[PDB]
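> Give me coordinates for this.
(chains A, B, C, D and E, ligands or ions: 9)
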Amino acid sequence: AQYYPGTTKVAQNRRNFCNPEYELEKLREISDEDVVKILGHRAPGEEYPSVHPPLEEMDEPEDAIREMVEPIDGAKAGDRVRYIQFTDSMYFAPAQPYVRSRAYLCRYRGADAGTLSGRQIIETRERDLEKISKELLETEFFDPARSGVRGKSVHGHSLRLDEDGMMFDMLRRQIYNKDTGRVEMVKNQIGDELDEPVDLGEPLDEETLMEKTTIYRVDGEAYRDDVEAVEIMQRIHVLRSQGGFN
Amino acid sequence: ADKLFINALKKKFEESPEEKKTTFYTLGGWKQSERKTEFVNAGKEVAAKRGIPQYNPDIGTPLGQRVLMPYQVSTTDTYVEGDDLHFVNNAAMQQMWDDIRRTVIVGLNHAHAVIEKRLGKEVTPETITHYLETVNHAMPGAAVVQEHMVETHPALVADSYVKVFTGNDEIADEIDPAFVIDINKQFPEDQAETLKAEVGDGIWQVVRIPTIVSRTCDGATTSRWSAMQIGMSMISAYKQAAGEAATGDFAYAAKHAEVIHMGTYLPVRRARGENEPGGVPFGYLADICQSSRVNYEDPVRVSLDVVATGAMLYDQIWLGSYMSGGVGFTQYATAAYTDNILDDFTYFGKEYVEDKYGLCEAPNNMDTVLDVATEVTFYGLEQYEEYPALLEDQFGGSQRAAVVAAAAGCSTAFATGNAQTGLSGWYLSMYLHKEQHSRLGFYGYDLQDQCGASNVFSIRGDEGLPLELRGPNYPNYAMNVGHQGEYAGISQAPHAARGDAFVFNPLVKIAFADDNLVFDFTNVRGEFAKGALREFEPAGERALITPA
Amino acid sequence: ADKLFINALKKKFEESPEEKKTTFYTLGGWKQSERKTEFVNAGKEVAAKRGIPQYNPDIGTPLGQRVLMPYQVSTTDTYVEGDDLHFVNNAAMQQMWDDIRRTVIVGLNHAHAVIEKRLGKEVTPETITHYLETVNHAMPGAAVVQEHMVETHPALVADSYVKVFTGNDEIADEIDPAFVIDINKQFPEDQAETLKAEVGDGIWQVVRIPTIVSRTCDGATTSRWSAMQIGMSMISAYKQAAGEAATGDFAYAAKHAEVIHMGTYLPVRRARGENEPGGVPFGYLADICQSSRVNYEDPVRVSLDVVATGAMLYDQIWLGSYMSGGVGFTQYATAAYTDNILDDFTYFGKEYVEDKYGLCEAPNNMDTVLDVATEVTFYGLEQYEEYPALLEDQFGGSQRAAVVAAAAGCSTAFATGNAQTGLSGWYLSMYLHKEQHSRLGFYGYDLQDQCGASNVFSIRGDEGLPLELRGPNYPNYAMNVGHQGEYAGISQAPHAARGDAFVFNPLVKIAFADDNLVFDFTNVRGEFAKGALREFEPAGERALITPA
Amino acid sequence: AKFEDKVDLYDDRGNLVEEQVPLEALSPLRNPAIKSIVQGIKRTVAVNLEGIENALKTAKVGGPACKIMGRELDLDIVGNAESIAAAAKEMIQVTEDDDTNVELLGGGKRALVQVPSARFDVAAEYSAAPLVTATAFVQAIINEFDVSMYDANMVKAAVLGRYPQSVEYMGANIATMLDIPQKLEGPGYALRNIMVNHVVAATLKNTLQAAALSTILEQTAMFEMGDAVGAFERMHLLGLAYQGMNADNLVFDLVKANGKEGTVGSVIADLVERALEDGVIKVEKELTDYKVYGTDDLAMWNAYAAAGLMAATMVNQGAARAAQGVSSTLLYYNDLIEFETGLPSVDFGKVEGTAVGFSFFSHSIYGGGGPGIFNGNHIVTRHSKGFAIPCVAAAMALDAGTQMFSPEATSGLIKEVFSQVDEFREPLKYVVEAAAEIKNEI
Amino acid sequence: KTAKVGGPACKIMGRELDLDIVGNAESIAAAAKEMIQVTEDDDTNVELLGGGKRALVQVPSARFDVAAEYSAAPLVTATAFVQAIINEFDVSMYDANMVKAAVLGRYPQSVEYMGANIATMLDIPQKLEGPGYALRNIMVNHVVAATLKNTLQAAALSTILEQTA
Ligand code: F43
Ligand SMILES: C[C@@H](OP(=O)(O)O)[C@H](NC(=O)/C=C/CCCCSSCCS(=O)(=O)O)C(=O)O
Ligand SMILES: [Mg+2]
Ligand SMILES: [Mg+2]
Ligand SMILES: [Mg+2]
Ligand SMILES: [Mg+2]
Ligand SMILES: [Mg+2]
Ligand SMILES: [Mg+2]
Ligand SMILES: [Zn+2]
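Numbering: from 1, shown residues only, chains lettered A, B, ... in the order given. Ligands and ions are numbered 1, 2, ... in the order given. Right below this line is the structure:
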């Protein structure tokens, strides 16, 4: 599959996030317990709550489509649908909102992805959400200074960075440690204090942000100079126009 | 010269507008704001008096971790916090909607035919003046026939009256001028000739019912109240029996055959009667705004005064209250009438078009749409990238999408002279913006936007309509902020570049050319600033009938 | 003892009320009246200020060739000219309508289930009380989640709040009483046990949105405004993601699956959304009036307080403005709530029935309708023939038809305990009255009246309905004055005689048992007098945001 | 034939039923099974005899929480159902051997009613079904128990609710899959105002049959609205065949290839490969490492892309067994495919647009709700001309129990009565059989 | 030709289109008939009147036996004439929305076909006072006009429509 037109680094990064054959660079290690704590849906050692009984207990009628489509593990279990949400700074965060929803629906099964300017969310069955979340948090989807895990109070995508290079967060869930050069998650994604903070590693320096970003800007690569990507947008517009008419 | 938004960005923030970094969390939250401080104190006072907790700044999250900004009302030098632009807190905004809701246009053409042909009596300017004197007694709620009538207090209903207009100058000049909207006085020569040509010998009433009644009741009251008192005044002024068969022809004429509502009624999911915001088509909203007859030398000023009229009415009062409510949508609309931002973008696009094509010179086709809307889109987006203070000001992607696409769609229609290609340029803008920044608006912002290109030139039942005839009830447009007032500006744009007197209904244009209105429709942004300063005096209050 | 109307007739006229002749034409027309003189003076001041003639006593026919009467508001000792009972001039009447229009009842039962099942979280009296502190900040238009929100001024919106009620005493007694409509405190013990059994363990919100918003917008705003701020307060108090799939189940529950509107929407000819007067069924109007929980030892006082509520809302505001306008229909309504006239007639009927049958113990059949409605019809008519001052007071036939038939229909339902035979007695009264005096009401008064007998017990699609479920949109009733408020009184009458806590909807009854309303629904006629005297303080005014 | 296209039709197990059927044999204007389905939907009513009896016994009539003390009537309706139903049927029918059906269910607690087709051939619309049914049952209950003139109005309130004070039958104990004509968002919309949960309940959650019934109703409305007249007709018929009728087993085969491990993106890749293999699309231009595809048949590209959209919904929401993400599939299947190809998405962007607002109004405070409460007449989901709602039906058929407003919650009365009707329950089977029957008449 | 579309007194300056529709009425009508019919020689009728100024259109009965209601008459008619007018003159994509407006008016911004240049004896389903009322929303003057003021035939047509409702 080709995913996206264009000849910039931004274009190629958009294609790499979409392509499930592209190995996302891992930047940081986070424990399973700490992914669960940052999600905030259940406590360490709490069993997965259910919203309905396990599929095996349901005894369903013959349906060829259900027979052909394998349920994800949390669907077989009857897990709640829960979420993880990220905010990406327009100052060259690596992932950005439509890049995320486009990539999630090429990479992940059984996914409800939503895009907004200031937040992007995926909702899926809880045990599977914890497996995808580890990948969203440990890889180049995430930078701990220019991206934030935020289930509410998301303001900051469009704000000026502070003097540490961190995005604004009304609830200060991610705190830059001057003594380590590292960010700690101090609250979960809804803003409740964590018993112990989670190491998120060092923010990417400016060169690596520029290498990995998927936003077009005049002070990075401008979209208007990616003339092949503009051509396909304009093509789409004109073809939908003429199709709607006759 | 500097970009037109620079002054505003220098007022809002200590840093120069190009500076990428700042420091947050040091402003004391809500305590940085005079208006939040007034609200905290008033919540304490309200909750103590009534015995139920109310406003409390410690419920939920703590506002003001970043600068709570002032906003410049565009075209003014007034800077206010945004709460002063919420429709609840701004009496000019409430009165702008009351003045539209309480107005109807009602012909006298069928009515004079009924009097000549059915009653066998003559109509002349003199009999019209006597009828006008009579209806200006009766329209506010006072009696002309029966004994023992009890009536409205004239000072509570001082804003209700009836005027007339006609395109016949000699007939206009014969009717008492107290009652006449004088087309030649209110409009420059060329527009006046266009409007008088449209009206001809037709004679129309502009009826305004009392704001206190509109507020007590609804917009569908207006044409009924108008017709009741027209009916009484036809009885009294032309010496009818007081209720005979011919009386029903004046009722059917005033209520149906020669009425022009400001808004048409809505379907059941969003049920409303006439004269509610969702029924006002975009070409009528451009006609209600009176910037066209004052600022005709500057088509950008005329178009963006219509965008301010519409962004406030359609997003703040209609979508943000009739269709939702709560804290609502103040800043989704203020992005289109503050900080001179949309002005900077749209002057750029007008100048680009002037230079490449000449206004109204460009071919009316897709090539022009692709050239102008792309060029103006990239200009606007580059401003947010060059100026971090501008991006932190218009912090929601939906606000940016509406402002960039309004400048692109208005500029396209300044090139073509045709609002449909303007509309196609608005959609292309959204598609380019989405791919540039990998974001557009809120979750639901581009429902109409992705339907948009295909429905611009469709001809199917519930898809095809010239932009001027669309409105908040066009199906794709019925839900979402950041479009409807901008579409009223695109509908105004080619007509302001052409120098046309009106966009869609010349009767509606004339009917707001009247300084007896409470709100001044020639200077909508100026009035929004006056209301934000708490200096506007609305009609409709109950002070005269309540304790001192 | 004197008939109940004698005091008022002695106040009106110099003659004793039995006297048959008078003198006319010597009172100086309008100059006899304080109120007319205030209006003439105001007219001259308004016309000069705005440059358009307005109220003028020399236009049309000269009011006051007879005495312009004062009216006693029934159950009070307040006497006022009828102009002080026009809804435009009476802020208590306007507020009564705003308090209904801006109220909605919204369950928490689906909401709490979504929290326990989809979210997997607990609900307790503690998490409800937290939710109610949150929604009492949010509901008037203040923010709980996002940064840089701009909000409503708390003092402009001090009348908006959320309370709850439940039949579960142990949850009710544990929430801050600030938020609770306490059924045990508000209702006498018999009525409280009926209401708590109807509600059971359900928990319901009574949401009142701001009067300034209801006036700016319409009734259909109310349930949307309520739902937006319940949705925000659910997200903030229960720690949802701020906008996840489960958020949509709170919106569907608060907007559709567990909402109770005050009025349902109307057909297109009279297009209106929810919470407008035509959608309010008569059973609800009786339940909104709170006389039942104060005056329960006197079924006539409870029934006639419902008639006053309904006559004013349905005839003066709804038919006389929303559906017409102008001078309107003040005295078509005041006939039912002034000079103790309907009270005299109805206390006569109540005694007749209590002596002959005992309350509620007559057979529920046509023999009882014929006996009681004919006896009470001839009593009321005889009073107009014995007291020439009473006839000159209720001078319009429609006024007399409504008053005599309301007493006949209420007394019939006091006998049978059933509103439907009450309604049949109303129609029989009209047919007897028409034959006795060779007139009834105005040209179109008895459209419903002649359809009436046949449609009382029909079962067909658009004909058949218990009276309690009928309202101003029942087809026969959709046009005419002098019926709808009286039908609300008939709907109340058998329930008041039976001692029932409510007529049609227990939730509606409880929802107005609240002294944090601006209007006092326990004493509707007392409030109408207070408004007439200019002593009622309404909500909604803009004085705080306008100049001195 | 006006069009030369032929399609192969299959059953809901992926087996061929009939090869080379002309496209118009599936037209709502020609196919006699779609005519039967549509006339069935206009004429069928579910009567809740138990609910009428309970509303009378408690006097709880006229809508939620309403009750009239002192008006209680205790009538043994369910124990006399057979007699009540027979007396209702003799008023409902036109003649004794016509197509009127009145059938008790649940031990007489419910009745299936199908009002005779002939009443509709001399009616303007479809409200005769509830209004003829309601009066015949109100009159049959009054006559069974000799209810007096003084009390009969309570039977009418228990059956039809607060109408005509309310515009709708508010509090009624009858139900139809259609809703009242005043609620149409435009003229021609009545076959669109059918809750998605009602279609899923009538088809017993069989995914392919729910998607077929939803497509049949949506594309039949497109004819009534005039959208499928003239230039657009073939586009609508091909959408019907390929998205709703599994033409050429395209949907089925995509689901089979992507069901064990697939995503929306894997389905896209397969559909673009299939469209190229079949000559529907071709490379028009090479950019830098990027092929721009073109087509000489936009209606067929749109149809193939529609089949892929359905399959993607089945893969995506089938893997979650949770319907909510259908709004996301309907958005990003179409957003991804246009950047994958350079061709327009399904319905030229209007599915993608419907999905943006549907996503917002199923994850926000402002309105909407869960997937199952939408319908083609809903303001949020009316914009695509038949190509979005059938996917919502498939998704709710695949939901394992994540919804509060599930078909069990909203549509139990409808499920008991309307799933009894073979053509409503298994329409894929009857429409394909009828198409094979009329194949030589096109 | 005047750009007077969308309801009383409405006009869009600059949108005028001068098309010889009445002079080409036969070709336009035939092209609309071909879209309106289901099959050749079915009960579709398209007949010109008043030297091409008017057309009587009867949409085929079969489209109603697969419809919920009656709006297919105006909607199928209107779109077949809009497409036949566009095709007759090769109206461009840019201008064709004015043809749509001149035929069907301000719909869908208005609920009714406000300013349409087509007419039916029935009115839209939203305007019914109750379900089942559509055959009642037929103006008395329409009945009297269709029966040429023959007293008994106007009484008969009105009673048929009333009692059928
Ligand atoms: C709870 C929701 C989901 C929902 O259905 N509506 C919300 C909230 C609602 C509330 C917020 C009031 C409060 O704080 O109590 C109100 C004011 C509507 C109301 N009920 O009165 C609103 N949004 Ni929202 N909403 C807005 C916006 C936005 C932007 C904010 C992005 C940012 O980076 O700050 C994003 C959508 C996007 O990402 O594009 C957004 C989301 C959201 N919006 C998220 C909460 C976001 C968060 O957790 O912080 N709004 C805007 O983009 C600007 C205008 C602003 C509206 C108020 C005004 O117009 O003045 C407000 C309009
Ligand atoms: C959709 C429908 O609601 P329903 O599904 O409950 O009928 C309809 N409501 C609406 O259309 C709501 C429109 C106004 C509110 C939404 C405007 S978009 S601006 C908010 C975006 S964000 O700040 O939350 O991200 C109604 O009739 O009430
Ligand atoms: Mg590890
Ligand atoms: Mg350049
Ligand atoms: Mg002025
Ligand atoms: Mg009090
Ligand atoms: Mg008081
Ligand atoms: Mg190659
Ligand atoms: Zn109002």
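> Leaving out chain neighbours, which residue sits closest to residue D:317?
residue D:395 (4.1 Å; CB to CB, 6 or more residues apart in numbering or on different chains). Placement of C-beta: from N, CA and C, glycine included.
> got the buried residues for stretch B:42-52?
B:42, B:43, B:46, B:47, B:52 (16 or more other CB atoms under 10 Å in any protein chain shown).
> Spell out which parts of chain B neighbour ligand 2.
B:269, B:270, B:319, B:323, B:324, B:329, B:442, B:443, B:479, B:480, B:481 (CB under 6 Å from any ligand atom).
> is it true that the last one touches residue B:399?
Yep, that's residue B:481 we're talking about. No. Using CB atoms under 8 Å, residue B:481 is not in contact with residue B:399, being 9.2 Å away.
> tell me the strands in the stretch 251-400 of chain B, going along the chain?
B:259-260 (DSSP state E, counting those that start in this stretch).
> In it, which residue sits nearest chain C?
Here the residue of the stretch 251-400 of chain B nearest chain C is residue B:325; by CB to the nearest CB that distance is 2.7 Å.
> So what's the gap between the helix or strand encompassing residue B:48 and the chain middle?
Assigned by DSSP states H and E, residue B:48 falls within helix B:34-50. From the chain centre to the centre of helix B:34-50 is a distance of 32 Å (CA atoms, centre = their mean, to the nearest Å).
> Just the CA trace of it, in PDB.
These are the backbone C-alpha positions of helix B:34-50, laid out as PDB (Å, rounded to 0.1, in the frame of the first residue of the first chain):
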ATOM      1  CA  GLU B  34     -11.200  41.300  36.600                       C
ATOM      2  CA  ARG B  35     -14.300  39.600  35.200                       C
ATOM      3  CA  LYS B  36     -13.700  36.200  36.900                       C
ATOM      4  CA  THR B  37     -13.100  38.100  40.200                       C
ATOM      5  CA  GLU B  38     -16.500  39.900  39.700                       C
ATOM      6  CA  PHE B  39     -18.100  36.400  38.900                       C
ATOM      7  CA  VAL B  40     -16.600  34.800  42.000                       C
ATOM      8  CA  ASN B  41     -18.000  37.600  44.200                       C
ATOM      9  CA  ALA B  42     -21.400  37.500  42.600                       C
ATOM     10  CA  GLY B  43     -21.600  33.700  42.900                       C
ATOM     11  CA  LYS B  44     -21.000  34.100  46.700                       C
ATOM     12  CA  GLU B  45     -23.700  36.700  46.900                       C
ATOM     13  CA  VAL B  46     -26.200  34.600  44.800                       C
ATOM     14  CA  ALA B  47     -25.600  31.500  46.700                       C
ATOM     15  CA  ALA B  48     -26.000  33.200  50.100                       C
ATOM     16  CA  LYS B  49     -29.200  34.900  49.100                       C
ATOM     17  CA  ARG B  50     -31.000  31.900  47.600                       C
END
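> can that helix be found next to chain C?
Yes. Counting by CB under 8 Å from any CB of the partner chain, chain C is contacted by helix B:34-50 at B:38, B:39, B:42, B:43, B:45, B:46, B:49, B:50.
> ok, now stretch D:347-354?
No. Figure legend: stretch D:347-354 not in contact with chain C (CB under 8 Å from any CB); closest approach 16.0 Å.
> Show me the contact partners of that stretch.
The contact list for stretch D:347-354, computed with CB atoms under 8 Å, 6 or more residues apart in numbering or on different chains, reads A:239-240, A:243-244, B:446-455, B:476, D:302, D:306, D:309, D:330-331, D:334-335, D:345-346, D:380-385, D:387-388.
> any idea where the helices of the stretch 1-150 of chain B begin and end?
Assigned by DSSP state H, counting those that start in this stretch, the stretch 1-150 of chain B shows helices spanning B:6-12, B:34-50, B:91-101, B:109-113, B:125-138.
> same question, the stretch 51-200 of chain D
D:81-92, D:117-121, D:128-145, D:152-160, D:196-202.
> Over to chain A?
A:9-18, A:32-39, A:64-68, A:73-77, A:97-107, A:126-138, A:206-212, A:227-245 (DSSP state H).
> Just send those helices back as JSON lines, with mean neighbour count too.
As requested, these are arranged in JSON lines below (neighbours: other CB atoms under 10 Å in any protein chain shown):
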{"stretch": "helix A:9-18", "mean neighbour count": "22"}
{"stretch": "helix A:32-39", "mean neighbour count": "19"}
{"stretch": "helix A:64-68", "mean neighbour count": "21"}
{"stretch": "helix A:73-77", "mean neighbour count": "20"}
{"stretch": "helix A:97-107", "mean neighbour count": "25"}
{"stretch": "helix A:126-138", "mean neighbour count": "20"}
{"stretch": "helix A:206-212", "mean neighbour count": "15"}
{"stretch": "helix A:227-245", "mean neighbour count": "21"}
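> Quick check: which of the ones you listed is nearest to chain E?
Among the helices of chain A, helix A:227-245 sits nearest to chain E (CB to the nearest CB), with 4.7 Å.
> mind checking how far the closest residue to ligand 5 within chain A is from residue A:172?
At 39.1 Å from ligand 5, residue A:158 is the closest residue in chain A, using CB to the ion. Residue A:158 sits 18 Å away from residue A:172, going by CB to CB, to the nearest Å.
> Neighbour count for the two, which is higher?
residue A:158 (26 against 14; other CB atoms under 10 Å in any protein chain shown).
> Verify the contact between the more buried one and residue B:395 for me.
Yes. Shown here, residue A:158 and residue B:395 form a contact pair, counting by CB under 8 Å, at 4.5 Å.
> okay, and the common contacts of these two?
Common neighbours of residue A:158 and residue B:395 (CB under 8 Å, 6+ apart) are residue A:118.
> just checking, what packs against the helix or strand that contains residue B:197?
Element membership of residue B:197 [criterion: DSSP H and E] is helix B:189-199. The contact analysis (3 or more CB pairs under 8 Å, 6 or more residues apart in numbering or on different chains; DSSP states H and E) places helix B:189-199 against helix B:183-186, helix B:506-511.
> and these as CSV, adding mean neighbour count and distance to residue D:117?
Listed next are these as CSV, based on neighbours: other CB atoms under 10 Å in any protein chain shown; distance: least, CB to CB, whole Å:
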stretch, mean neighbour count, distance to residue D:117
helix B:183-186, 18, 61
helix B:506-511, 26, 49
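> Give the burial count for the nearest residue to residue D:358 once chain neighbours are set aside, as a bare number.
Closest residue to residue D:358 in three dimensions, ignoring its sequence neighbours and counting by CB to CB, 6+ apart: residue D:327, at 4.5 Å. A count of nearby residues for residue D:327, using other CB under 10 Å, gives 34.
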